[PDB]
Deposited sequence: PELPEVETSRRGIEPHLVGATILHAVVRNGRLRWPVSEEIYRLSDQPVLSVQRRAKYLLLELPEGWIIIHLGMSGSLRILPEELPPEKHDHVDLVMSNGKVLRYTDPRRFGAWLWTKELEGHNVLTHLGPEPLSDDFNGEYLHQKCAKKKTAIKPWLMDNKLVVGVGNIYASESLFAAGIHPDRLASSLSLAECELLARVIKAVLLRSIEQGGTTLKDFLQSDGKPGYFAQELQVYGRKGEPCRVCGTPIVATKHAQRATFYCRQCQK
């Protein structure tokens, strides 16, 4: 789950939690990436004022603090009709006053449920790069940040210090749309290439948001994917069979003709 998927979950849950009250949480396995925060256990009758996002983190605004939720590699969020019985990987619920439930499912348990009084200060949000859809992320910034790099552009795009929300899928997809070889040294991109890359990253992410993100009710974006997970298949633009490689042991996909 990357920024589009996380953004999709935020919009899907917002109209259901905003204005409603958390009676309490139900935890059936608190051993996530980190231990579930104490304060989540103690939650009692708290109204949700807002549902926001920072990077791949969802933020529930409560009066005295914030619930920080991360989906990791296999987490998801559902608002359930009512006292629907949980499944073995349904590790955390938010029992709402409106009779609905916020149900979190996460087989690998690489997700997280954390509490912070103030968003600012430290915690997992500190040191996060700029939002890619923000004006803070642009070609001149990108160019600036690459000049000292010594490695490939593709893993660099997936580095939250440079920018947030672009994970394995949209890193490969964005470079395709920009026509940039993922093995290209980051330092070797031109200001112009940086400018186009930042532009297509926004377009690609905004597109997947619009269609509910990628499904690996599911998402409708997997069918618009140009390169990710299409090894051997013909490039939708030129037919040359899609090539697969790896960066930091994550799969990366590209078209050896459309990308240079």
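Stretches of the deposited sequence absent from the structure, as judged by C-alpha coordinates, reduce to one: 217-224.
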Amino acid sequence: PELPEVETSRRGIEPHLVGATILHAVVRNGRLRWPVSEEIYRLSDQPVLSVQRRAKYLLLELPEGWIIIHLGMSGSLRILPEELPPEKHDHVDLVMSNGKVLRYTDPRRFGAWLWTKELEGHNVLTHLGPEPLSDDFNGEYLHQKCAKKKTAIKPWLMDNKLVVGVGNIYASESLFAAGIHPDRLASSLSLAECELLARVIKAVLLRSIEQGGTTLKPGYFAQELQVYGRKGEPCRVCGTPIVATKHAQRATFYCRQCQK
From here on, numbers count along this sequence of modelled residues.
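Checked against the record, the higher mean CA B factor of 27-35 and 218-226 lies with 218-226. Stretch comparison (152-160 versus 72-80) by mean CA B-factor in the PDB entry places 72-80 on top. Out of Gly167, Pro130, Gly99, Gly179, it is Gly99 whose C-alpha atom has the highest B-factor in the PDB entry. Comparing the C-alpha B-factors of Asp106, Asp183, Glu120, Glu173 in the entry, the top value falls on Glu120. The entry lists a Cα temperature factor for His247 that places it in the middle third of the chain's modelled residues. Sort the chain's modelled residues by C-alpha temperature factor and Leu125 lands in the highest third, per the entry. Among all modelled residues in its chain, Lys88 ranks in the highest third by Cα B-factor. When the modelled residues of the chain are ordered by their C-alpha B factor, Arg42 lands in the highest third. For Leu189, the recorded CA B-factor ranks within the middle third of the chain. Only modelled residues enter the ranking.
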